[PDB]
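Text of protein_16.cif, listed as mmCIF, C-alpha atoms and all ligand atoms:
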data_structure
loop_
_atom_site.label_atom_id
_atom_site.label_comp_id
_atom_site.auth_asym_id
_atom_site.auth_seq_id
_atom_site.Cartn_x
_atom_site.Cartn_y
_atom_site.Cartn_z
CA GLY A 1 2.31 19.73 7.52
CA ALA A 2 0.33 17.10 5.62
CA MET A 3 1.16 13.39 5.38
CA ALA A 4 4.38 13.89 7.34
CA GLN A 5 5.67 16.40 4.76
CA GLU A 6 5.06 14.02 1.84
CA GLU A 7 6.22 10.96 3.80
CA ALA A 8 9.72 12.35 4.32
CA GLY A 9 9.80 15.41 6.55
CA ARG A 10 7.62 13.84 9.30
CA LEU A 11 10.24 13.71 12.09
CA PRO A 12 11.95 16.82 10.63
CA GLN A 13 8.66 18.57 11.46
CA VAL A 14 9.22 17.79 15.14
CA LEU A 15 12.57 19.63 15.34
CA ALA A 16 10.80 22.49 13.60
CA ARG A 17 7.90 22.33 16.10
CA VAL A 18 10.16 21.64 19.13
CA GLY A 19 12.12 24.80 18.35
CA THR A 20 9.37 26.90 19.92
CA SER A 21 9.43 24.65 22.99
CA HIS A 22 7.72 25.81 26.21
CA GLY A 23 4.98 23.25 25.63
CA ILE A 24 5.74 20.10 27.58
CA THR A 25 2.03 19.29 27.87
CA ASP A 26 1.37 19.46 24.10
CA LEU A 27 4.85 18.33 23.02
CA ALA A 28 3.93 15.15 24.92
CA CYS A 29 0.50 15.33 23.27
CA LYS A 30 2.04 15.23 19.78
CA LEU A 31 4.29 12.32 20.80
CA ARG A 32 1.28 10.78 22.55
CA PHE A 33 -0.59 10.71 19.22
CA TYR A 34 2.37 9.02 17.57
CA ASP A 35 2.45 6.43 20.38
CA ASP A 36 -1.27 5.79 19.84
CA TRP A 37 -0.47 3.98 16.59
CA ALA A 38 2.93 2.91 18.06
CA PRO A 39 1.59 -0.48 19.29
CA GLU A 40 0.14 -1.03 15.81
CA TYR A 41 3.63 -0.45 14.40
CA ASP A 42 5.17 -3.08 16.69
CA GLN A 43 2.99 -5.91 15.37
CA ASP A 44 3.66 -4.49 11.89
CA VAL A 45 7.35 -5.45 12.11
CA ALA A 46 6.45 -9.06 12.98
CA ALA A 47 4.21 -9.16 9.90
CA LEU A 48 7.15 -7.73 7.94
CA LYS A 49 9.44 -10.40 9.44
CA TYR A 50 12.29 -8.04 10.30
CA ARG A 51 15.00 -10.56 11.15
CA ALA A 52 17.44 -7.63 11.12
CA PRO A 53 17.57 -7.30 14.96
CA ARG A 54 18.57 -10.98 15.23
CA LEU A 55 21.18 -11.13 12.43
CA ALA A 56 21.77 -7.36 12.41
CA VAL A 57 23.08 -7.21 15.98
CA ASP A 58 25.00 -10.46 15.54
CA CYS A 59 26.53 -9.28 12.25
CA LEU A 60 27.70 -5.99 13.78
CA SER A 61 29.67 -7.72 16.54
CA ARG A 62 31.06 -10.24 14.02
CA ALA A 63 32.39 -7.37 11.90
CA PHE A 64 32.90 -5.07 14.90
CA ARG A 65 36.47 -5.82 15.98
CA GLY A 66 36.15 -3.36 18.84
CA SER A 67 34.22 -4.37 21.94
CA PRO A 68 30.84 -2.62 22.43
CA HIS A 69 31.93 -2.65 26.08
CA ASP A 70 34.90 -0.33 25.46
CA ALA A 71 33.45 1.28 22.31
CA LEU A 72 30.60 3.80 22.41
CA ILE A 73 27.44 2.61 20.64
CA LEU A 74 24.70 4.87 19.24
CA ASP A 75 21.00 4.12 18.75
CA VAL A 76 18.37 6.30 17.13
CA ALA A 77 14.68 6.86 17.86
CA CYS A 78 14.15 3.40 16.40
CA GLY A 79 16.21 1.88 19.21
CA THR A 80 13.48 -0.52 20.32
CA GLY A 81 13.81 -1.72 23.89
CA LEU A 82 14.29 -5.34 22.83
CA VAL A 83 17.13 -4.47 20.43
CA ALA A 84 18.92 -2.82 23.35
CA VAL A 85 18.11 -5.71 25.73
CA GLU A 86 19.51 -8.04 23.09
CA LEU A 87 22.30 -5.51 22.53
CA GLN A 88 23.26 -5.62 26.23
CA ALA A 89 23.45 -9.42 26.20
CA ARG A 90 25.25 -9.19 22.87
CA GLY A 91 28.02 -7.32 24.67
CA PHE A 92 27.11 -3.63 24.44
CA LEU A 93 27.76 -1.85 27.73
CA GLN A 94 27.97 1.63 26.23
CA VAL A 95 25.13 3.21 24.26
CA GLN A 96 23.96 6.70 23.32
CA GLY A 97 21.18 7.95 21.10
CA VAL A 98 18.00 9.91 20.46
CA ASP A 99 14.33 8.89 20.39
CA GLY A 100 11.05 10.69 19.78
CA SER A 101 8.48 8.57 21.60
CA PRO A 102 8.77 8.37 25.43
CA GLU A 103 7.44 4.81 25.14
CA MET A 104 10.33 4.06 22.80
CA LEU A 105 12.58 5.99 25.24
CA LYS A 106 11.14 4.18 28.26
CA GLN A 107 12.21 0.80 26.94
CA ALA A 108 15.71 2.10 26.23
CA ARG A 109 16.13 4.48 29.22
CA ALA A 110 14.06 2.53 31.81
CA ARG A 111 15.91 -0.55 30.59
CA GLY A 112 19.11 1.12 31.76
CA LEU A 113 21.04 -0.05 28.72
CA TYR A 114 21.51 3.37 27.12
CA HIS A 115 23.98 5.69 28.85
CA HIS A 116 22.34 8.79 27.39
CA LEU A 117 19.17 9.13 25.33
CA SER A 118 17.84 12.39 23.92
CA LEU A 119 14.39 13.39 22.68
CA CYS A 120 14.53 15.14 19.29
CA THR A 121 13.05 13.87 16.04
CA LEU A 122 14.77 14.81 12.79
CA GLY A 123 15.21 13.68 9.21
CA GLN A 124 16.03 16.43 6.74
CA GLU A 125 18.27 17.94 9.41
CA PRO A 126 21.51 16.76 11.17
CA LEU A 127 21.51 14.23 14.03
CA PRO A 128 21.74 15.44 17.67
CA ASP A 129 25.13 13.80 18.42
CA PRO A 130 28.47 15.30 17.25
CA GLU A 131 30.95 13.75 14.78
CA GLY A 132 33.58 11.21 15.83
CA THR A 133 31.47 10.62 18.94
CA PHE A 134 30.48 6.95 18.95
CA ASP A 135 32.33 3.92 17.61
CA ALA A 136 29.07 2.56 16.13
CA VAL A 137 25.34 3.18 15.70
CA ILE A 138 22.37 0.79 15.43
CA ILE A 139 18.86 1.89 14.40
CA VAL A 140 15.90 -0.24 13.23
CA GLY A 141 12.72 0.64 11.31
CA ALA A 142 13.76 4.19 10.32
CA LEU A 143 14.39 5.23 6.66
CA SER A 144 13.54 7.74 3.91
CA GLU A 145 9.74 7.52 4.10
CA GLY A 146 8.60 10.08 6.67
CA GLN A 147 10.72 8.45 9.38
CA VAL A 148 14.45 8.94 8.75
CA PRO A 149 15.35 10.59 5.39
CA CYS A 150 18.16 8.50 3.92
CA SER A 151 20.24 11.69 3.43
CA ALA A 152 20.22 12.23 7.20
CA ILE A 153 21.48 8.68 7.93
CA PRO A 154 24.98 9.74 6.72
CA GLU A 155 24.86 12.34 9.54
CA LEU A 156 24.62 9.40 11.96
CA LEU A 157 27.61 8.05 10.11
CA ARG A 158 29.31 11.42 10.62
CA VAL A 159 28.75 11.07 14.40
CA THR A 160 30.31 7.63 14.01
CA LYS A 161 34.12 7.40 13.84
CA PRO A 162 36.11 5.76 11.00
CA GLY A 163 36.32 1.98 11.23
CA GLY A 164 32.96 2.09 12.99
CA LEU A 165 29.77 0.16 12.30
CA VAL A 166 26.36 1.52 11.33
CA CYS A 167 23.35 -0.81 11.38
CA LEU A 168 19.89 0.01 10.00
CA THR A 169 16.66 -1.71 8.82
CA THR A 170 13.27 -0.73 7.25
CA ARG A 171 11.36 -1.07 3.95
CA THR A 172 13.92 -1.28 1.15
CA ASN A 173 11.51 -0.26 -1.59
CA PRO A 174 8.38 1.29 -0.05
CA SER A 175 8.33 3.20 -3.32
CA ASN A 176 10.74 3.76 -6.21
CA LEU A 177 11.46 0.02 -6.50
CA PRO A 178 13.95 0.59 -9.38
CA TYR A 179 15.56 3.36 -7.33
CA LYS A 180 17.01 0.72 -4.97
CA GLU A 181 19.67 -0.17 -7.55
CA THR A 182 20.08 3.58 -8.03
CA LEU A 183 20.22 3.82 -4.22
CA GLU A 184 22.79 1.04 -4.00
CA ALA A 185 24.97 2.91 -6.50
CA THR A 186 24.77 5.94 -4.19
CA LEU A 187 26.36 3.96 -1.35
CA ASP A 188 29.20 2.97 -3.66
CA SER A 189 29.82 6.64 -4.50
CA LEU A 190 30.18 7.33 -0.76
CA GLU A 191 32.42 4.27 -0.38
CA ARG A 192 34.56 5.42 -3.28
CA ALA A 193 34.60 8.93 -1.79
CA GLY A 194 35.93 7.43 1.43
CA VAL A 195 32.96 8.32 3.67
CA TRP A 196 31.91 4.70 4.34
CA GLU A 197 32.45 1.19 2.91
CA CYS A 198 29.58 -1.32 2.67
CA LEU A 199 30.41 -4.48 4.64
CA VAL A 200 27.47 -6.85 4.27
CA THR A 201 23.72 -6.85 3.68
CA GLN A 202 21.69 -9.28 5.78
CA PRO A 203 18.74 -11.20 4.20
CA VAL A 204 15.13 -10.29 4.97
CA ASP A 205 11.60 -10.90 3.58
CA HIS A 206 11.89 -7.88 1.24
CA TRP A 207 12.44 -9.93 -1.95
CA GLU A 208 9.25 -12.02 -1.64
CA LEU A 209 6.82 -9.11 -1.19
CA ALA A 210 7.75 -7.55 -4.56
CA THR A 211 8.39 -10.81 -6.40
CA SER A 212 6.28 -13.94 -6.13
CA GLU A 213 7.37 -17.47 -7.02
CA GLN A 214 4.14 -18.08 -8.96
CA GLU A 215 4.70 -15.18 -11.45
CA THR A 216 3.29 -11.73 -12.35
CA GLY A 217 -0.12 -13.23 -13.24
CA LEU A 218 -2.90 -11.88 -10.99
CA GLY A 219 -0.38 -9.55 -9.37
CA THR A 220 -2.97 -7.46 -7.52
CA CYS A 221 -4.63 -10.64 -6.22
CA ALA A 222 -1.13 -11.73 -5.18
CA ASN A 223 -0.56 -8.47 -3.24
CA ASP A 224 3.03 -8.44 -4.47
CA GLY A 225 5.37 -6.10 -6.31
CA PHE A 226 6.80 -4.01 -3.43
CA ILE A 227 10.11 -4.78 -1.62
CA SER A 228 10.23 -4.08 2.15
CA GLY A 229 12.24 -4.91 5.28
CA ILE A 230 16.04 -5.17 4.86
CA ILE A 231 19.09 -4.70 7.03
CA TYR A 232 22.72 -3.80 6.32
CA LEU A 233 25.95 -2.72 8.01
CA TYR A 234 28.52 -0.22 6.72
CA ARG A 235 32.01 0.76 7.90
CA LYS A 236 32.78 4.36 8.75
CA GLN A 237 35.34 6.20 6.63
CA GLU A 238 37.13 3.59 4.52
CA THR A 239 38.75 3.31 1.11
CA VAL A 240 36.46 1.95 -1.64
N1 LIG B 301 15.05 11.32 14.53
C1 LIG B 301 14.07 10.86 15.31
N2 LIG B 301 13.89 11.45 16.52
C2 LIG B 301 12.91 11.00 17.31
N3 LIG B 301 12.04 10.01 17.09
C3 LIG B 301 12.25 9.45 15.89
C4 LIG B 301 13.22 9.81 14.97
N4 LIG B 301 13.13 9.01 13.84
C5 LIG B 301 12.14 8.19 14.10
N5 LIG B 301 11.57 8.39 15.33
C6 LIG B 301 10.49 7.64 15.96
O1 LIG B 301 9.75 6.99 14.95
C7 LIG B 301 8.36 6.88 15.35
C8 LIG B 301 7.52 7.45 14.23
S1 LIG B 301 5.78 7.72 14.68
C9 LIG B 301 5.49 6.41 15.89
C10 LIG B 301 5.20 5.07 15.25
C11 LIG B 301 5.85 3.85 15.95
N6 LIG B 301 6.12 4.18 17.38
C12 LIG B 301 7.12 3.43 15.23
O2 LIG B 301 8.02 2.89 15.90
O3 LIG B 301 7.21 3.64 14.00
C13 LIG B 301 8.25 7.61 16.70
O4 LIG B 301 8.23 6.69 17.79
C14 LIG B 301 9.49 8.50 16.73
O5 LIG B 301 9.97 8.66 18.05
#
If you convert what's in this file into structure tokens, what do you get?
Amino acid sequence: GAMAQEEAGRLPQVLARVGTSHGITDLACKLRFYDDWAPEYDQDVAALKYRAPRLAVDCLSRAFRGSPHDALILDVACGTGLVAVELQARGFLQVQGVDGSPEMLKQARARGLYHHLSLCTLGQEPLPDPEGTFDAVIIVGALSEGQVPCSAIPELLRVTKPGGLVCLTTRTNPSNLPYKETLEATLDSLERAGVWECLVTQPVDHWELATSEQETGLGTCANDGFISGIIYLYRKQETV
């Protein structure tokens, strides 16, 4: 495909391509190309100031009545080694998930924090784990924008049991800035439906990028008007 299937089906392409299989050398090659930029992505989060991992992990435990020790936690391809290392110290002794880049997998798997990690990118297709599997899931830097199509996230929720916790972070408004409010309304519909109930939304640097204290004036010279980086935690299956 081109441009990761319009900056949406990127990962989804991998499941499509991995279906053929029987190509460990090239399958690694494709991932190897992704990992080429990978290091450039790491520094990118620092520039974005994704506090999520710090507050995100803390917030989950604060709202997570169950112990990550006895509960089964889930992490996605965006389960950066450090989040897991912090997760372990946080009190998570049980973790499962899926990741696309071996380098991303190496931190998690080689770390020895994740009980079981699986290679398999996706996005416009269901998550690898089954429903009612893990008591909670925590992914960072993966959303509708070629990485993890926001419709698929709810699949992660599906693999999460009721009363569980789902934690995610990425660019809130990479595009469709007004759609965020539309997006927020969508969560409420799911909450109302009973699928999941929004708990809290942790602060980030997303507001400042789109809106500047000075004003609209010289907007282009201000390099502002786009909201990015935000974290939030939702409960699994709850009433309104
Ligand atoms: N469902 C999924 N399965 C596997 N990998 C996924 C995934 N969703 C996102 N990813 C990961 O997201 C990255 C996109 S391309 C790599 C860029 C950089 N490593 C980064 O962290 O963004 C890959 O590392 C890929 O493994």
Site check for ligand LIG 301 (chain B): residues at most 7 Å away, all atoms listed in the file, as a list in words: residues 11, 34, 35, 37, 38, 39, 41, 42, 76, 77, 78, 98, 99, 100, 101, 104, 119, 120, 121, 122, 123, 141, 142, 147 and 148 of chain A
Test item: residues at most 12 Å from range 126-129 of chain A, all atoms listed in the file, excluding those fewer than 2 positions along its chain, as a ChimeraX atom specification: /A:11-12,15,73-77,96-100,116-124,131-134,137,148-161
A:138, A:49, A:227, A:166 ranked by distance to residue 179 in chain A, top pick (using only C-alpha atoms):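 Under the stated criterion, the closest residue is A:227.
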Point-to-point distance from CA of residue 167 in chain A to CA of residue 144 in chain A, Å rounded to tenths: 15.0 Å
Distance in Å - CA of residue 201 in chain A versus CA of residue 228 in chain A: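 We find that CA of residue 201 in chain A and CA of residue 228 in chain A lie 13.9 Å from each other.
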Take every atom of range 222-236 of chain A listed in the file, pad by 8 Å on each side, and give me the axis-aligned box centre and edge lengths in Å, one decimal, as lines of an AutoDock Vina configuration file.
center_x = 15.8
center_y = -3.7
center_z = 1.2
size_x = 49.9
size_y = 32.1
size_z = 31.1
Counting all atoms listed in the file, the option among A:45, A:195, A:14, A:165 closest to residue 65 in chain A: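 Of A:45, A:195, A:14, A:165, the one nearest residue 65 in chain A is A:165, counting all atoms listed in the file.
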